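Notes to accompany the following structure.
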Amino acid sequence: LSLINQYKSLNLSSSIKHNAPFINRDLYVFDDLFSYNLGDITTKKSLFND
Amino acid sequence: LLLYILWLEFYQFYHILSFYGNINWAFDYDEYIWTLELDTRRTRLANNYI
Amino acid sequence: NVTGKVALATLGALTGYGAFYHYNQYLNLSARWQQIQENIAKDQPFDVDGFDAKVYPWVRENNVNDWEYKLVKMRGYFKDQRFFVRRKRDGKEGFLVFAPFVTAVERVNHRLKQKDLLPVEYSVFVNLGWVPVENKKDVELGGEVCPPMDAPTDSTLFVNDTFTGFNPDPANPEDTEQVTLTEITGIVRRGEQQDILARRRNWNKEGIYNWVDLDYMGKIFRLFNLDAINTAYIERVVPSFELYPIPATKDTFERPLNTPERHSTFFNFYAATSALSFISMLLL
Amino acid sequence: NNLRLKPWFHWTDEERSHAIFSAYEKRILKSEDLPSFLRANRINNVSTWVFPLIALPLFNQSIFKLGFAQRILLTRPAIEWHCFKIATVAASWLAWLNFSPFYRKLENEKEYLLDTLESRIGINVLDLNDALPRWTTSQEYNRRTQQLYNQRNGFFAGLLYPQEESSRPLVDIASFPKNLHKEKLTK
Amino acid sequence: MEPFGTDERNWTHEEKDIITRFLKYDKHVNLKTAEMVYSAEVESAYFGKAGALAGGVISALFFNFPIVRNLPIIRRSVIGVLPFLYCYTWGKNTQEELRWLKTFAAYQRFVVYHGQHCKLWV
Amino acid sequence: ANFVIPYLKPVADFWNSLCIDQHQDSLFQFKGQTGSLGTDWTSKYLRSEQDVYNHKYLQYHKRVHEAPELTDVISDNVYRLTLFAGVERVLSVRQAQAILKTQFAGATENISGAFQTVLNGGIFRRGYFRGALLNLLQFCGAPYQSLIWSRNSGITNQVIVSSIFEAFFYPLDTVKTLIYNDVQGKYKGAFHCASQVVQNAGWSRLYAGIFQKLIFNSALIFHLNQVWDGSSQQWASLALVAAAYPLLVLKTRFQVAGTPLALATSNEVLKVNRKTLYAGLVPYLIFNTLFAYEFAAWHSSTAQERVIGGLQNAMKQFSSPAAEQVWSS
């Protein structure tokens, strides 16, 4: 009875992408904009900030 | 009318005699179960005399 | 004479209406069953992950008819207790086996060192399969329904999930937060109701169960989300091949009580009764 | 061994019949163990309410034509003759009830069922006994067992009466919560 | 906390309901006080239904009483429903009284717990 | 304990089931935990006190969306069928009273007269509860099947389906009306009355006022739909039902006309005094306003919104009135 209209949206990702103050993440320039020597990356590595 | 007075007096008398056994519910957070605990009572002596 | 004619006419009218109703229900049920079979043969399970694994889509929107017989996939750990409901599969007596399935865990203790609080577990009932009456003693307590899910290859996935609260870490430094996740696929089905004339009646005190009473099953197992348990349950469906319980497949999942065969039998009975009543009325 | 006292060595016939009935009702005894005992039970009933009939003409041919009986018939009022006949038939009926071959067979069948129970649940067979109602009889408990057999092993099983196959949940009784606490009341 | 005296206003229905829902759900309330209010709610609910049902049965019997059964329909109906009204009122009043007495005991326990009564200290 | 309690105890159990909250009591029966928090007595009590309105919502949801069940509809309209089933007979007698000879046997031409005519026979099969089983059968037949075949339908489709089913089941209505109005108890049952009517007047005499019943049922369905929505047109619908009530009166008079139960033959039904056209208007309106038909299947979007909004508003009480507005929560 309490769940009838309590949860309108479930995707945080869409709201983040359409409202966060960051440049669009689908740009094609992010592929070869800068050059780095990353060695060998055989595992999914994630970058952390600050 | 005497039957009515008898019921009223018995009700009060039963309450008074029911005072002297302190029966309470105690929660056991470790077992998540309530238990019925029996104890004595302390009160002003004038109450006992009356 | 005249009373007999009146009784025959009334009986014929009632039985003809019953036959017509059962025929229309048979047509509707056959069409819906064809749609259900096509949808199941499509074989695109809906992944119940994240928030959907805490409060389920058929509970949140309260649309189990839109989610009935519907392929879903969810991961969690089964609880030890098993529930048996008397049922016949392929014309032989047996038991449907139900197990609790914890799809989300919530921890609400902030005095972690002082207090070891029990977690709030969100669970749904999963029909593991069907076991014959001979082999009911072969169902083991806390058995392995499905092999445990493989560990993810992303090092950032080894933390407690935001919504489900599960840590997919085989070697978790937090011993009290160590969970083993098994991933099942099944079909969402609704719960059953009592029908004494259908011989689906359960004596809870004696332990005899004939229909799926999700309310009682949730209460007896001391589960938490009783409403989200009563709404529906997931019947486990193995991909192609089906030791005890024997899981359902794409072609042998447990049939509902209302079937086109049942309605056809009722239609035949009522049509025969109406025809006999009219013949007797004509004779009289 | 005939020197080992069985757990039911002191039970009465009503207690034995109630133990069998409770074992069958609690699904400890299957319907495959009853058909012999039940049969004997029925014979015992026929052995009780037919004997005076069988004993009525036989005495008229054997005992009531003797010298003492004829003396009573000829030298005493007809009411005393009726009293003598009824007393003799009732004494014979009581002796038959105490010492009947079919009663012995019924007791043997009940003993076999109790032995099966002890082989199944061990010393916990003593847990099948209770404080029975005063006026409920061994025959009444046997009739209740027969009624339960008819209900389970017949039509309407699963419609009006619980089935013989149990569907109790599979739990660990060592850890599963219980209704009664050891000493206190719980809510 | 409440004003005391003859001239003071008695607890109104809204005040009683607000205090009950305060004691049931609010923090700053020990588990014992909330349990007292919960036990008040559980046990009191029997009496309203019991009074209504007993009144219904007694009124069904009274509608056919030796003198009532021979009255005109208006008088017969009024006299027949009188027992139902009396017993329904008894049930409702008993439920309210039991629930509110236990709730007020819980309120006194809360007030003493937080020292919110002058001339009361350990 | 051996001879009386085995019979007295079930009555007390039934009394408690009618009195004690069954869902809450059953919830309290399973005391303990099996690895989850919130299965203690306090949490169970809290969810049970929140489960009353949730259970009401679930029952309404089952009535609206799922296929209707006879037991649910009967329990939804239990007072019309069980306790006040004799008021239907009283209203029928009042409608047919103008030609029913009841004025010549200890009764007047008013609602008290109809009540006394019904209640003179007794409180049972010959009296207040005469035709009650026939009334229950008629309710199971026409309105329940109409609900089954038009579950979520507009008012026009409701009227169409209801008219079809009332036409199909009308002879039962005629038999019930004739059984309502035999003060001397000439008919021993429904089959006997139908047989007498067919033998003495033919099969076509069981459809005396079918068209009047259909038109009045259309008006009543419109009024019920306006009542369920809670619209301001409830008074306009009441006026429409008051205007259409003479159709119901004429239906009853045509049904009882040719039989020996009445003074007037069918051709004389339209010759009755015009002032008697609204025979039982006020009692009928009062009875329907108090115990109207509750067909939750036929509830429109507005009615569903009203009921569910009422439940949701009733669910707002489960919070502390003195709750601090905290910066971090």
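Just remember, in the structure tokens the first chain shown is A, the second B, etc., residues are 1-based per chain, and ligands are 1-based in the order shown.
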Inset, instruction - Go through region 15-262 of chain C and collect every residue that DSSP, computed from the backbone, puts in alpha helix (DSSP H); the answer should be as a ChimeraX atom specification. - result: /C:15-42,57-60,214-220,226-230,260-262
Each residue of chain C lying at most 7 Å from chain D should get a row with its shortest atom-to-atom pair and the distance in Å to one decimal, counting only C-alpha atoms; could you produce that, ordered by chain and increasing number, as CSV?
residue,atom,partner,partner_atom,distance
C:81,CA,D:171,CA,4.8
C:82,CA,D:170,CA,4.9
C:83,CA,D:169,CA,4.5
C:84,CA,D:167,CA,5.3
C:85,CA,D:167,CA,6.3
C:86,CA,D:167,CA,6.8
C:141,CA,D:170,CA,6.6
C:196,CA,D:159,CA,6.0
C:199,CA,D:159,CA,4.9
C:201,CA,D:159,CA,6.8
C:203,CA,D:162,CA,6.7
C:207,CA,D:168,CA,4.7
C:208,CA,D:167,CA,5.0
C:209,CA,D:167,CA,6.0
Quick one: contact table of chain A to chain C, 9 Å max, nearest atom pair and distance in Å to one decimal per residue, counting only C-alpha atoms, chain and number order, as a Markdown table?
| residue | atom | partner | partner_atom | distance |
| --- | --- | --- | --- | --- |
| A:3 | CA | C:60 | CA | 5.6 |
| A:4 | CA | C:61 | CA | 6.5 |
| A:5 | CA | C:61 | CA | 8.2 |
| A:6 | CA | C:60 | CA | 8.7 |
| A:7 | CA | C:60 | CA | 7.9 |
| A:10 | CA | C:51 | CA | 7.4 |
| A:43 | CA | C:153 | CA | 7.6 |
| A:44 | CA | C:154 | CA | 5.8 |
| A:45 | CA | C:154 | CA | 7.6 |
| A:46 | CA | C:156 | CA | 7.5 |
Inset, instruction - Report as a VMD selection string the set of chain D residues whose atoms approach chain B to within 9 Å, with distances computed over only C-alpha atoms. - result: chain D and resid 181 184 to 187
Inset, instruction - Starting from chain C, keep only residues with some atom at most 10 Å from an atom of chain B, counting only C-alpha atoms, and report them as a ChimeraX atom specification. - result: /C:115-118
Hey, can you spit out that residue selection with C-alpha atoms as a PDB file, in the first residue's frame?
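The resulting selection.pdb:
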ATOM      1  CA  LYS C 115      26.606  -5.627  19.270  1.00  0.00           C
ATOM      2  CA  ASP C 116      26.325  -8.373  16.647  1.00  0.00           C
ATOM      3  CA  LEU C 117      22.867  -7.651  15.261  1.00  0.00           C
ATOM      4  CA  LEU C 118      21.048 -10.055  12.990  1.00  0.00           C
TER       5      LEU C 118
END
Inset, instruction - Enumerate the residues of chain D with a DSSP assignment of strand (DSSP E or B), computed from the backbone, and present them as an MDAnalysis selection string. - result: chainID D and resid 157 161 170 186
Legend entry - Contact residues around residue 198 (chain F) with only C-alpha atoms at 12 Å, ignoring same-chain residues under 3 positions, as an NGL selection string: (:C and (1-7 or 9)) or (:F and (171 or 174-175 or 191-195 or 201-207 or 258-259))
Mind writing the picked residues with N, CA and C atoms as a compact mmCIF listing (two decimals), in the first residue's frame?
# COMPACT_ATOMS: atom_id res chain seq x y z
N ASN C 1 -45.17 -33.86 -13.88
CA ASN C 1 -45.28 -33.62 -15.31
C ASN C 1 -44.83 -32.20 -15.65
N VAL C 2 -45.69 -31.22 -15.36
CA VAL C 2 -45.33 -29.83 -15.59
C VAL C 2 -44.18 -29.41 -14.68
N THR C 3 -44.19 -29.89 -13.43
CA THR C 3 -43.07 -29.62 -12.53
C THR C 3 -41.78 -30.23 -13.07
N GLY C 4 -41.87 -31.45 -13.62
CA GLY C 4 -40.70 -32.06 -14.23
C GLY C 4 -40.20 -31.27 -15.42
N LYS C 5 -41.11 -30.77 -16.25
CA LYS C 5 -40.71 -29.95 -17.39
C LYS C 5 -40.03 -28.66 -16.93
N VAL C 6 -40.57 -28.02 -15.90
CA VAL C 6 -39.97 -26.79 -15.39
C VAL C 6 -38.58 -27.06 -14.84
N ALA C 7 -38.43 -28.14 -14.07
CA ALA C 7 -37.12 -28.48 -13.52
C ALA C 7 -36.12 -28.79 -14.63
N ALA C 9 -36.19 -27.67 -17.74
CA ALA C 9 -35.85 -26.42 -18.43
C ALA C 9 -34.86 -25.60 -17.63
N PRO F 171 -37.06 -15.32 -15.03
CA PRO F 171 -38.05 -16.20 -14.39
C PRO F 171 -37.79 -16.46 -12.92
N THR F 174 -39.29 -13.54 -11.19
CA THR F 174 -40.74 -13.64 -11.12
C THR F 174 -41.17 -14.63 -10.03
N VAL F 175 -40.49 -15.77 -9.95
CA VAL F 175 -40.80 -16.76 -8.92
C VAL F 175 -40.56 -16.18 -7.54
N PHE F 191 -40.03 -24.23 -7.23
CA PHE F 191 -40.45 -25.13 -8.29
C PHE F 191 -41.97 -25.27 -8.34
N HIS F 192 -42.61 -25.37 -7.17
CA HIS F 192 -44.06 -25.49 -7.14
C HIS F 192 -44.73 -24.24 -7.71
N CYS F 193 -44.24 -23.06 -7.33
CA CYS F 193 -44.82 -21.82 -7.85
C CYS F 193 -44.62 -21.69 -9.35
N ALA F 194 -43.42 -22.00 -9.84
CA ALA F 194 -43.16 -21.93 -11.27
C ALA F 194 -44.04 -22.93 -12.02
N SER F 195 -44.20 -24.14 -11.48
CA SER F 195 -45.04 -25.14 -12.12
C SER F 195 -46.49 -24.68 -12.18
N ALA F 201 -50.87 -20.53 -16.73
CA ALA F 201 -50.74 -19.35 -17.57
C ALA F 201 -49.70 -19.48 -18.68
N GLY F 202 -48.99 -20.59 -18.78
CA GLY F 202 -47.99 -20.78 -19.82
C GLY F 202 -46.61 -20.30 -19.41
N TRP F 203 -45.64 -20.60 -20.28
CA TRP F 203 -44.25 -20.23 -20.00
C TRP F 203 -44.02 -18.73 -20.12
N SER F 204 -44.76 -18.06 -21.01
CA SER F 204 -44.52 -16.64 -21.26
C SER F 204 -44.96 -15.75 -20.11
N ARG F 205 -45.66 -16.29 -19.11
CA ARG F 205 -46.11 -15.48 -17.99
C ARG F 205 -45.02 -15.27 -16.95
N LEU F 206 -43.85 -15.89 -17.12
CA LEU F 206 -42.72 -15.65 -16.23
C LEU F 206 -41.93 -14.41 -16.60
N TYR F 207 -42.30 -13.72 -17.68
CA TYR F 207 -41.60 -12.54 -18.15
C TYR F 207 -42.53 -11.33 -18.15
N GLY F 258 -51.74 -11.59 -12.73
CA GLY F 258 -52.70 -12.61 -13.14
C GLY F 258 -52.91 -13.72 -12.13
N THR F 259 -51.99 -13.88 -11.19
CA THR F 259 -52.07 -14.95 -10.21
C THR F 259 -53.23 -14.71 -9.25
At a cut-off of 10 Å, which residues of chain C touch chain F? Count only C-alpha atoms and give the answer as a short mmCIF file (atom, residue, chain, number, x, y, z; two decimals) with N, CA, C and O atoms, in the first residue's frame.
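Contents of iface.cif, as written:
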data_model
loop_
_atom_site.label_atom_id
_atom_site.label_comp_id
_atom_site.auth_asym_id
_atom_site.auth_seq_id
_atom_site.Cartn_x
_atom_site.Cartn_y
_atom_site.Cartn_z
N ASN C 1 -45.17 -33.86 -13.88
CA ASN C 1 -45.28 -33.62 -15.31
C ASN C 1 -44.83 -32.20 -15.65
O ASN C 1 -43.74 -31.99 -16.17
N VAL C 2 -45.69 -31.22 -15.36
CA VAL C 2 -45.33 -29.83 -15.59
C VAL C 2 -44.18 -29.41 -14.68
O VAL C 2 -43.29 -28.66 -15.09
N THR C 3 -44.19 -29.89 -13.43
CA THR C 3 -43.07 -29.62 -12.53
C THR C 3 -41.78 -30.23 -13.07
O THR C 3 -40.71 -29.62 -13.01
N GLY C 4 -41.87 -31.45 -13.62
CA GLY C 4 -40.70 -32.06 -14.23
C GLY C 4 -40.20 -31.27 -15.42
O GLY C 4 -38.99 -31.10 -15.59
N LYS C 5 -41.11 -30.77 -16.25
CA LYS C 5 -40.71 -29.95 -17.39
C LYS C 5 -40.03 -28.66 -16.93
O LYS C 5 -39.02 -28.25 -17.51
N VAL C 6 -40.57 -28.02 -15.90
CA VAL C 6 -39.97 -26.79 -15.39
C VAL C 6 -38.58 -27.06 -14.84
O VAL C 6 -37.63 -26.31 -15.11
N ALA C 7 -38.43 -28.14 -14.07
CA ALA C 7 -37.12 -28.48 -13.52
C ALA C 7 -36.12 -28.79 -14.63
O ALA C 7 -34.96 -28.37 -14.57
N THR C 10 -35.07 -25.50 -16.31
CA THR C 10 -34.14 -24.75 -15.47
C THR C 10 -32.75 -25.38 -15.48
O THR C 10 -31.74 -24.69 -15.62
N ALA C 13 -31.06 -24.77 -18.87
CA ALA C 13 -30.58 -23.40 -19.00
C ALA C 13 -29.30 -23.19 -18.19
O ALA C 13 -28.32 -22.63 -18.69
N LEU C 14 -29.29 -23.66 -16.94
CA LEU C 14 -28.11 -23.48 -16.09
C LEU C 14 -26.91 -24.21 -16.66
O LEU C 14 -25.80 -23.65 -16.72
N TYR C 17 -25.60 -22.48 -19.84
CA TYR C 17 -24.81 -21.30 -19.49
C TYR C 17 -23.45 -21.69 -18.94
O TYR C 17 -22.43 -21.06 -19.26
N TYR C 21 -19.88 -20.61 -20.59
CA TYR C 21 -18.85 -19.93 -19.81
C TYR C 21 -17.54 -20.71 -19.85
O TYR C 21 -16.47 -20.13 -20.05
N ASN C 62 3.05 -3.87 -7.98
CA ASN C 62 1.92 -4.73 -7.61
C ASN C 62 1.22 -5.29 -8.84
O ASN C 62 -0.01 -5.41 -8.88
N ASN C 63 1.99 -5.65 -9.86
CA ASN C 63 1.46 -6.25 -11.08
C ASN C 63 2.09 -7.63 -11.24
O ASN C 63 3.10 -7.79 -11.94
N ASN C 65 0.19 -10.18 -12.44
CA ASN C 65 -0.39 -10.69 -13.68
C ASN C 65 0.41 -10.25 -14.89
O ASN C 65 0.49 -10.99 -15.88
N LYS C 79 18.19 -20.34 2.23
CA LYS C 79 18.16 -20.69 3.64
C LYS C 79 17.88 -22.18 3.79
O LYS C 79 17.33 -22.83 2.90
N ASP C 80 18.27 -22.72 4.95
CA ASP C 80 18.32 -24.17 5.11
C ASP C 80 16.94 -24.82 4.99
O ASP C 80 16.80 -25.87 4.36
N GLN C 81 15.92 -24.20 5.57
CA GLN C 81 14.62 -24.84 5.68
C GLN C 81 14.00 -25.09 4.31
O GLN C 81 14.17 -24.31 3.38
N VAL C 105 20.26 -8.21 1.59
CA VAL C 105 20.53 -8.20 3.02
C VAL C 105 20.79 -6.76 3.45
O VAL C 105 21.50 -6.02 2.76
N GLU C 106 20.20 -6.36 4.57
CA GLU C 106 20.32 -5.00 5.08
C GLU C 106 20.83 -5.05 6.51
O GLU C 106 20.26 -5.74 7.35
N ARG C 107 21.90 -4.30 6.77
CA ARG C 107 22.54 -4.25 8.07
C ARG C 107 22.29 -2.88 8.69
O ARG C 107 22.61 -1.86 8.07
N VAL C 108 21.72 -2.87 9.89
CA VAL C 108 21.26 -1.63 10.50
C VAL C 108 21.89 -1.44 11.88
O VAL C 108 21.33 -0.75 12.74
N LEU C 117 24.28 -7.61 15.60
CA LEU C 117 22.87 -7.65 15.26
C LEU C 117 22.61 -8.59 14.10
O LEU C 117 23.44 -8.72 13.19
N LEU C 118 21.47 -9.26 14.13
CA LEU C 118 21.05 -10.05 12.99
C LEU C 118 20.66 -9.14 11.83
O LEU C 118 20.03 -8.10 12.05
N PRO C 119 21.01 -9.49 10.60
CA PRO C 119 20.66 -8.64 9.47
C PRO C 119 19.20 -8.77 9.10
O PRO C 119 18.54 -9.77 9.40
N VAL C 120 18.69 -7.74 8.44
CA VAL C 120 17.33 -7.75 7.90
C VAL C 120 17.41 -8.36 6.50
O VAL C 120 17.96 -7.76 5.58
N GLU C 121 16.85 -9.56 6.35
CA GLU C 121 16.96 -10.32 5.12
C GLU C 121 15.68 -10.20 4.31
O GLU C 121 14.58 -10.43 4.83
N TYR C 122 15.82 -9.83 3.04
CA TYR C 122 14.71 -9.82 2.10
C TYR C 122 14.78 -11.08 1.26
O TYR C 122 15.79 -11.33 0.59
N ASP C 215 1.46 -17.00 2.58
CA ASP C 215 1.37 -16.33 3.88
C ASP C 215 1.83 -17.24 5.00
O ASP C 215 2.69 -16.87 5.81
N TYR C 216 1.28 -18.46 5.06
CA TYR C 216 1.68 -19.40 6.10
C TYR C 216 3.14 -19.81 5.94
O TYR C 216 3.85 -19.98 6.93
N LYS C 219 5.20 -17.11 7.35
CA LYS C 219 5.09 -16.99 8.80
C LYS C 219 5.82 -18.12 9.52
O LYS C 219 6.47 -17.88 10.55
N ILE C 220 5.73 -19.35 9.01
CA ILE C 220 6.30 -20.50 9.70
C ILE C 220 7.83 -20.43 9.69
O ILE C 220 8.48 -20.82 10.66
N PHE C 221 8.41 -19.94 8.60
CA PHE C 221 9.86 -19.85 8.47
C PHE C 221 10.43 -18.58 9.09
O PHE C 221 11.64 -18.35 8.97
N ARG C 222 9.60 -17.78 9.75
CA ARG C 222 10.03 -16.56 10.43
C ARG C 222 10.77 -15.63 9.47
O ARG C 222 11.78 -15.02 9.82
N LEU C 223 10.26 -15.52 8.25
CA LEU C 223 10.82 -14.61 7.26
C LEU C 223 10.32 -13.19 7.52
O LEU C 223 9.37 -12.96 8.26
N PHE C 224 10.99 -12.22 6.89
CA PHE C 224 10.76 -10.81 7.20
C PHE C 224 9.75 -10.15 6.27
O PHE C 224 8.71 -9.66 6.73
N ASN C 225 10.03 -10.11 4.97
CA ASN C 225 9.19 -9.37 4.02
C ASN C 225 8.00 -10.23 3.64
O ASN C 225 7.92 -10.82 2.56
N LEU C 226 7.03 -10.29 4.56
CA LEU C 226 5.89 -11.18 4.38
C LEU C 226 5.03 -10.77 3.20
O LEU C 226 4.50 -11.63 2.49
N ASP C 227 4.86 -9.47 2.96
CA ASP C 227 4.03 -9.04 1.84
C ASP C 227 4.70 -9.35 0.50
O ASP C 227 4.06 -9.90 -0.41
N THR C 231 3.15 -11.95 -2.39
CA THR C 231 2.75 -11.48 -3.71
C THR C 231 2.96 -12.54 -4.79
O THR C 231 2.09 -12.74 -5.65
#
Quick check: residues of chain E within 9 Å of chain B, only C-alpha atoms, returned as a short mmCIF file (atom, residue, chain, number, x, y, z; two decimals) with N, CA and C atoms, in the first residue's frame.
data_model
loop_
_atom_site.label_atom_id
_atom_site.label_comp_id
_atom_site.auth_asym_id
_atom_site.auth_seq_id
_atom_site.Cartn_x
_atom_site.Cartn_y
_atom_site.Cartn_z
N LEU E 31 11.89 1.32 25.69
CA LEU E 31 11.19 0.20 25.09
C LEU E 31 10.00 -0.24 25.94
N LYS E 32 10.12 -0.12 27.27
CA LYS E 32 9.05 -0.57 28.15
C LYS E 32 7.78 0.25 27.98
N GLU E 35 6.17 -0.66 24.70
CA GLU E 35 5.56 -1.98 24.84
C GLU E 35 4.26 -1.90 25.63
#
Legend entry - 9 Å contacts from chain E to chain F using only C-alpha atoms, as a PyMOL selection string: chain E and resi 18-19+21-27+35+38+42+45-50+53+64+72-74
Inset, instruction - For CA of residue 119 (chain D) and CA of residue 101 (chain D), quote the distance in Å rounded to one decimal. - result: 26.8 Å
Inset, instruction - Skip residue 33 (chain E) itself and residues of its chain fewer than 5 positions away, then list as a list in words all residues within 8 Å of it, counting only C-alpha atoms. - result: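 Counting only C-alpha atoms, the residues come to residues 23, 106, 107, 109 and 110 of chain E.
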Inset, instruction - Figure out the distance between CA of residue 121 (chain D) and CA of residue 11 (chain D), please, to one decimal in Å. - result: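 Computing the Euclidean distance for CA of residue 11 (chain D) and CA of residue 121 (chain D) yields 17.9 Å.
Residue nearest residue 51 (chain E), chosen from E:77, E:70, E:10, E:93 and counting only C-alpha atoms: E:93.
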Legend entry - Among the residues D:52, D:69, D:144, D:173, the one that comes closest to residue 82 (chain D) [using only C-alpha atoms]: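 Ranking D:52, D:69, D:144, D:173 by distance to residue 82 (chain D), first place goes to D:69.
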Near residue 117 (chain E), within 10 Å and counting only C-alpha atoms, which residues show up once chain neighbours fewer than 6 positions away are dropped, as a short mmCIF file (atom, residue, chain, number, x, y, z; two decimals) with N, CA, C and O atoms, in the first residue's frame?
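Contents of selection.cif, freshly written:
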data_model
loop_
_atom_site.label_atom_id
_atom_site.label_comp_id
_atom_site.auth_asym_id
_atom_site.auth_seq_id
_atom_site.Cartn_x
_atom_site.Cartn_y
_atom_site.Cartn_z
N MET E 1 3.53 17.72 32.96
CA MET E 1 3.50 18.53 31.75
C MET E 1 2.10 19.07 31.49
O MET E 1 1.93 20.25 31.18
N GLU E 2 1.11 18.20 31.61
CA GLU E 2 -0.28 18.62 31.47
C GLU E 2 -0.67 19.52 32.64
O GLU E 2 -0.22 19.30 33.77
N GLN E 108 2.66 8.63 32.11
CA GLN E 108 3.25 8.93 33.41
C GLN E 108 4.65 8.35 33.52
O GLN E 108 5.56 8.99 34.06
N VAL E 111 6.93 10.59 31.55
CA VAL E 111 7.17 11.86 32.22
C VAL E 111 8.16 11.69 33.36
O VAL E 111 9.08 12.50 33.53
#
Legend entry - Surrounding residues of region 14-21 of chain B excluding itself and chain neighbours under 5 positions, 12 Å, only C-alpha atoms, as a PyMOL selection string: chain B and resi 6-9+37-43+47-50
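For region 126-140 of chain C, the non-local neighbours within 7 Å, defined as residues at least 5 positions apart in the same chain or in other chains and counting only C-alpha atoms, are residues 93, 94, 95, 96, 97, 98, 99, 100, 101, 233, 234, 235, 236, 244, 245, 246, 247 and 248 of chain C.
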Export N, CA, C and O atoms of the chosen residues as a CSV table (one decimal), in the first residue's frame?
chain,number,residue,atom,x,y,z
C,93,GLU,N,2.5,-39.3,-7.8
C,93,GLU,CA,2.4,-38.5,-6.5
C,93,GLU,C,3.8,-38.0,-6.1
C,93,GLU,O,4.8,-38.7,-6.2
C,94,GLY,N,3.9,-36.8,-5.6
C,94,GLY,CA,5.1,-36.3,-5.1
C,94,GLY,C,4.9,-35.0,-4.3
C,94,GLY,O,3.8,-34.7,-3.9
C,95,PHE,N,6.0,-34.2,-4.2
C,95,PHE,CA,6.0,-33.0,-3.4
C,95,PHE,C,6.7,-31.9,-4.2
C,95,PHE,O,7.8,-32.1,-4.7
C,96,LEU,N,6.1,-30.7,-4.2
C,96,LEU,CA,6.8,-29.5,-4.6
C,96,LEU,C,7.7,-29.0,-3.5
C,96,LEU,O,7.2,-28.9,-2.3
C,97,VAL,N,8.9,-28.6,-3.7
C,97,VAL,CA,9.9,-28.2,-2.7
C,97,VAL,C,10.1,-26.7,-2.9
C,97,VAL,O,10.6,-26.3,-3.9
C,98,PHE,N,9.9,-26.0,-1.8
C,98,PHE,CA,10.1,-24.6,-1.7
C,98,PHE,C,11.3,-24.2,-0.8
C,98,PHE,O,11.4,-24.9,0.3
C,99,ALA,N,12.1,-23.2,-1.1
C,99,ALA,CA,13.1,-22.8,-0.2
C,99,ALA,C,13.1,-21.3,-0.2
C,99,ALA,O,12.8,-20.6,-1.2
C,100,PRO,N,13.4,-20.7,1.0
C,100,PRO,CA,13.7,-19.2,1.0
C,100,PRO,C,14.9,-18.9,0.2
C,100,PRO,O,15.9,-19.6,0.2
C,101,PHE,N,14.9,-17.7,-0.4
C,101,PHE,CA,16.0,-17.2,-1.2
C,101,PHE,C,16.2,-15.8,-0.9
C,101,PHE,O,15.4,-14.9,-1.2
C,233,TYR,N,6.0,-16.0,-6.2
C,233,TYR,CA,7.2,-16.9,-5.9
C,233,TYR,C,7.8,-17.2,-7.3
C,233,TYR,O,7.1,-17.2,-8.3
C,234,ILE,N,9.0,-17.6,-7.2
C,234,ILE,CA,9.8,-17.9,-8.4
C,234,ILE,C,10.0,-19.4,-8.5
C,234,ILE,O,10.5,-20.0,-7.6
C,235,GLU,N,9.6,-20.0,-9.7
C,235,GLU,CA,9.7,-21.4,-9.9
C,235,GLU,C,11.0,-21.6,-10.7
C,235,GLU,O,11.1,-21.2,-11.8
C,236,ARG,N,11.9,-22.4,-10.1
C,236,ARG,CA,13.2,-22.5,-10.8
C,236,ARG,C,13.2,-23.4,-12.0
C,236,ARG,O,12.6,-24.5,-12.0
C,244,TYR,N,17.4,-34.7,-6.4
C,244,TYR,CA,16.1,-34.4,-5.9
C,244,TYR,C,16.2,-33.1,-5.1
C,244,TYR,O,17.1,-33.0,-4.2
C,245,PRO,N,15.4,-32.1,-5.3
C,245,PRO,CA,14.2,-32.1,-6.2
C,245,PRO,C,14.6,-32.0,-7.7
C,245,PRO,O,15.7,-31.6,-8.0
C,246,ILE,N,13.7,-32.5,-8.6
C,246,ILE,CA,13.9,-32.4,-10.0
C,246,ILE,C,13.4,-31.1,-10.5
C,246,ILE,O,12.2,-30.8,-10.5
C,247,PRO,N,14.3,-30.2,-10.9
C,247,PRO,CA,13.8,-28.8,-11.3
C,247,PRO,C,12.9,-28.9,-12.6
C,247,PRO,O,13.1,-29.7,-13.4
C,248,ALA,N,12.0,-27.9,-12.7
C,248,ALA,CA,11.2,-27.7,-13.9
C,248,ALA,C,12.1,-27.2,-15.0
C,248,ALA,O,13.1,-26.6,-14.9
Legend entry - Coordinates-based distance that separates CA of residue 70 (chain F) from CA of residue 25 (chain C) (Å, one decimal):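 CA of residue 70 (chain F) lies at a distance of 16.8 Å from CA of residue 25 (chain C).
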